[PDB]
């Protein structure tokens, strides 16, 4: 298994690492039909989503999508520094695949 987010991210196509080293500036979540998603931003203007679950996702990802939204909410509320995000860059906003937190 990968030992860090960068190596993990590199195992997939259409991804990139963003380095934030900053707490989340805003947290948005929606229960509206077909937009059951979360959106975060950072003070540098960067915006990211956790995608609406869809046919691109495999079954094993469903619980992990829900966990990620849990993680972003509590990170936001505790002002935890986000080190890096692994994202898919073929979506707008870029779609979160992985998160690391440090410092």
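Rigid core: the largest C-alpha set superposing within 1.5 Å between the two forms. Positions refer to the first chain, counted from 1.
Of the two segments 27 to 35 and 55 to 63, the one whose CA positions lie farther from the displayed form in 8 other deposited structures of this protein, once all are superposed on the rigid core, is 55 to 63. Stretches 23 to 31 and 52 to 60 differ in mean CA B factor, with 52 to 60 having the higher one. Sort the modelled residues of the chain by CA B factor and residue 5 lands in the middle third. Remark: residue 11 belongs to the highest third of its chain, ranked by C-alpha B-factor as recorded. Ranked against the other modelled residues of its chain, the C-alpha B-factor of residue 102 as given in the entry falls in the highest third. Remark: residue 46 belongs to the highest third of its chain, ranked by C-alpha B-factor as recorded.
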